[PDB]
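A short write-up of the structure that comes next.
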Protein chains: 2
Amino acid sequence: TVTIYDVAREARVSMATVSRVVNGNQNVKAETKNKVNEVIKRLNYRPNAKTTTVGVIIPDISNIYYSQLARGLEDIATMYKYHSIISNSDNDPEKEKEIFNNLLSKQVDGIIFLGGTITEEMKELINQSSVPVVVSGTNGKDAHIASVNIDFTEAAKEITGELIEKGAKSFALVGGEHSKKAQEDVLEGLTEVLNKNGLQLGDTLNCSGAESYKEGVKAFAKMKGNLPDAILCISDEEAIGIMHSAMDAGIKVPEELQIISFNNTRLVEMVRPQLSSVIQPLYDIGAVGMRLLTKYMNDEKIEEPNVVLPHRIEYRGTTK
Amino acid sequence: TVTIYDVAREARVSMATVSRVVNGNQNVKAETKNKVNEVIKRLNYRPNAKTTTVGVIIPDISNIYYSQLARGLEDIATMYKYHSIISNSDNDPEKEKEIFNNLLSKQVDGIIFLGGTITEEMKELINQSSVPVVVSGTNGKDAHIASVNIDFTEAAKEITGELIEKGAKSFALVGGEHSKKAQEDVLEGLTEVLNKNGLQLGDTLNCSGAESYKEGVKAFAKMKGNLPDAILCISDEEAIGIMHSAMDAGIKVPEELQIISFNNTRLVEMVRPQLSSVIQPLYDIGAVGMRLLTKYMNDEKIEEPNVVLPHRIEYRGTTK
């Protein structure tokens with residue numbers, strides 16, 4: 001299918017600029033607006049279709065990937081003329097239950113979970129409620145809930161193969177407790193390709209709170225001794241922490257060490273070496289989510305309630 | 001007064017680690033918890049004191065400074081055992097009115113505005129409502145509303161003096177429409193010190209949406225011809241965009257060009273050259289805010305409802 005990155009790459013603009021054209025920003029240059037509306041019509045990019053309030057539950061609002069996804073959701077909800085309210089759960093099962101029940105008591109019309117884990121108790125509150133629920137990047141007891149994601153397992157198989165071709169033989173995976181679906185699905189793909197070739201998997205570092213730059217400095221500390229050839233990280237901030245820590249300690253990136261991320265954000269280009277990463281269609285993750293949510297809220301049937309969006313891998317500087 | 005940075009600098013940890021100790025995170029190392037609780041007691045750091053929901057209105061959730069401030073507010077609100085919900089306004093006066101009225105209809109017990117502008121019409125909705133309101137980094141018709149801020153004008157006078165001592169004679173100021181108080185208060189301080197010494201002020205670049213890295217690439221494009229000696233930027237992401245654009249074009253930072261930010265975030269240390277910036281007590285901005293809000297919600301009088309928090313300036317790499 002067609003994504004915001006396809007329109008952007010073709011039009012030579014950022015996915016953010018495309019989103020501004022789609023959202024009707026009146027400050028976008030009139031000429032670039034035309035250069036974008038042209039690709040949009042040729043590729044036929046169409047992300048979007050009572051007082052209404054959408055509640056969004058994310059583990060960590062300071063997570064740059066999740067705050068981007070959430071702003072996009074808020075842009076899209078204004079297109080639909082919906083109000084929206086965001087709450088911060090820390091993937092704490094008790095906070096999650098308290099949030100859900102708060103949103104229900106405030107009579108939201110739909111809820112979206114970005115990241116985190118649906119406990120079996122949480123699955124009960126969802127099943128028992130009339131408020132429809134769409135999820136993304138969540139794990140746990142989330143079956144038979146409408147969803148949208150990229151295929152992390154496939155992205156990690158693709159990525160792991162390339163590294164082996166470039167000669168990597170030692171591999172490590174770093175992640176955290178906010179993006180657990182990504183960590184698990186990447187480990188699945190990574191270990192399948194490592195086992196295929198009989199290659200070594202090192203420690204799997206799983207941090208407790210924010211998947212931050214400082215958690216990556218501490219992840220580099222934990223492996224400074226027996227560094228692996230390549231490190232796959234879910235958070236791109238965390239990867240930036242491993243990159244800088246290693247380069248400060250003299251390690252050559254990408255010659256001696258290769259780093260790749262999965263949860264892409266604008267930070268990928270704000271750093272030197274630039275970060276090799278999977279590029280997910282962030283705006284479309286929110287567009288599909290609101291489409292799906294809107295159908296439920298309009299008591300319509302949904303043909304395919306579990307959408308898998310395409311991904312791209314831009315190797316750019318932390319890979320050899 | 002004492003801030004989170006004072007405890008952190010003394011304990012040799014990050015303000016974030018201190019916040020985790022204060023917030024009762026059970027994953028913080030038991031020894032560091034002691035090293036922090038010691039400074040906390042000596043300096044006597046005490047940031048914090050019906051079902052309750054606090055609504056927070058921010059211009060842009062993807063703004064890293066605002067998302068940090070907002071997570072902190074959410075941590076603090078859990079300490080108080082409050083629910084909280086965040087909404088994204090884009091400093092759009094119509095969105096702001098629609099948000100405010102949405103939060104009131106959902107019967108929130110208090111509202112906090114981070115950044116943005118209080119229009120005269122918005123000031124009416126606030127005056128007419130029984131829901132108390134605290135603001136921070138907002139401008140416009142916000143008089144007689146309780147507030148907490150650092151003194152941007154003073155920070156900009158201090159900073160402008162140092163640059164002149166280091167030989168800067170040409171100065172520019174970049175900002176945007178989300179953080180307008182900061183831009184105006186910094187311009188005030190900057191121009192007062194420039195006029196004192198008869199120094200030149202260049203164009204004041206004011207962007208339309210996110211104060212992002214890409215707006216800084218475009219700000220560098222707009223001045224690539226007649227670059228000034230020093231550029232003051234409100235957003236540290238935007239400053240990172242000017243820094244990388246200039247270094248890619250060969251300009252030496254800090255030798256030929258000096259850059260300084262005002263709205264500090266974790267991004268200051270994730271980049272090389274490291275960003276010279278004003279360090280604001282982010283956790284305390286939210287702690288004072290919730291303290292102030294809580295007093296109103298408990299129908300208590302407030303001795304000093306307009307709090308000015310101390311600031312620090314860490315010159316580190318983009319300054320000579």
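Taken together, the values in this text are just the output of simple stated rules run on the coordinates, not laboratory data. A quick note on method: Cβ atoms are made from the backbone with ideal geometry, for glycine too, and the neighbour counts reach across all protein chains shown.
Quick rundown of the values:
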{"quantity": "Efficiency of FRET from Cβ geometry, A:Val308 and A:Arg42, R₀ 22 Å, rounded to 0.05", "calculated": "0.35"}
{"quantity": "5 angstrom amide H check on B:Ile85, placed H, neighbours 5+ away", "calculated": "B:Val54, B:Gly55, B:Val56"}
{"quantity": "Amide H contacts of B:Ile279 (H built 1.01 Å from N, under 5 Å, at least 5 apart or other chain)", "calculated": "B:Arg312, B:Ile313, B:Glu314"}
{"quantity": "Size-normalised alpha-carbon gyration radius of segment B:88-245, reference 2.2 N^0.38 Å", "calculated": "1.19"}
{"quantity": "Per-residue [θ]222 nm for the protein assembly as shown (sum of -39500 (n - 2.57) over DSSP H runs n ≥ 4, rounded to 500)", "calculated": "-13500 deg cm²/dmol"}
{"quantity": "Between segment B:100-126 and segment B:270-305, the alpha-carbon center distance in angstrom", "calculated": "19 Å"}
{"quantity": "Estimated FRET transfer efficiency when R0 is 45 angstrom, pair B:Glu192-A:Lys301 (beta carbons, to 0.05)", "calculated": "0.10"}
{"quantity": "nm² value of the averaged projected area, convex hull over the Cα atoms of segment B:1-158", "calculated": "11.1 nm²"}
{"quantity": "In order through segment B:118-123: 3J(HN,Hα) via Karplus (6.51 cos²θ - 1.76 cosθ + 1.60), integer Hz, x for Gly, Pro", "calculated": "8, 5, 5, 5, 4, 4"}
{"quantity": "B:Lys166 paired with A:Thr1, simple spin-label distance in nm, labels 7 Å along Cα-to-beta-carbon", "calculated": "5.0 nm"}
{"quantity": "B:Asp203 paired with B:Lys97, simple spin-label distance in nm, labels 7 Å along Cα-to-beta-carbon", "calculated": "3.3 nm"}
{"quantity": "Sorted by Cβ neighbour density within 10 Å, fewest at the top, the residues A:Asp142, A:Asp203, A:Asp284", "calculated": "A:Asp203, A:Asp142, A:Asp284"}
{"quantity": "Shape of the protein assembly as shown, Cα gyration tensor, a/c cut at 1.5", "calculated": "rounded"}
{"quantity": "Set of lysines near A:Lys157 by C-alpha distance (under 20 Å), chain-local residues within fewer than 8 positions excluded", "calculated": "A:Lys166, A:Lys169, A:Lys180, A:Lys181, A:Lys196, A:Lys320"}
{"quantity": "Anchor A:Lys81: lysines whose Cα lies under 16 Å away (excluding residues fewer than 8 positions away in-chain)", "calculated": "A:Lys50, A:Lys295, B:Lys95, B:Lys97"}
